[PDB]
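Participant: For reference, the structure I am asking about is given below.
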Amino acid sequence: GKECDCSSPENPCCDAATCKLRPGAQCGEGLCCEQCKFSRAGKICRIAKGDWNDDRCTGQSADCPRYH
């Protein structure tokens, strides 16, 4: 977006000075953002709405799209 990677100032994954991520982790907030680290693919970011495939995250992303 602009120059920020997180939305919380207390979050330990984004320099509060530049409201951006902290140069050490790889995600300040997302459906698949591990403790300051890019979650690994095969991450269930959300469950379908009945009975079928589920939502999985990649090995380099920190958010989750939609498929159900």
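Start at 1 and count along the chain as shown; that gives each residue its number.
Cβ coordinates are placed from backbone N, Cα and C, and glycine is handled just like the others.
Positions annotated as disulfide bond by Swiss-Prot, on the basis of experimental evidence: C4-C19, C6-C14, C13-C36, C27-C33, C32-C57, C45-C64.
Tell me about the setting of these features in this model.
Facilitator: Within the same chain, residues at least six positions away from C19 (disulfide bond) with a Cβ under 8 Å of its Cβ are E3, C4, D5, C6, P9.
The Cβ of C14 (disulfide bond) has 22 neighbouring Cβ atoms from other residues within 10 Å, across all protein chains displayed.
Secondary structure from DSSP puts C36 (disulfide bond) in coil. Every protein chain shown contributes to the tally, and the Cβ of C36 (disulfide bond) ends up with 16 other Cβ atoms within 10 Å.
For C27 (disulfide bond), the same-chain residues lying six or more positions away in sequence with a CB closer than 8 A to its CB are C13, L21, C33, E34, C36, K37, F38, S39, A62.
In the shown protein chains, 23 other C-beta atoms lie within 10 A of the C-beta of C32 (disulfide bond).
Here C45 (disulfide bond) comes close to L31, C32, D55, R56, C57, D63, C64: these same-chain residues lie at least six apart in sequence, with C-beta atoms under 8 angstroms from its C-beta.
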Participant: Among all the protein chains here, how many other CB atoms are within 10 A of the CB of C57 (disulfide bond)?
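Facilitator: Its Cβ shell of radius 10 Å holds 23 other Cβ atoms.
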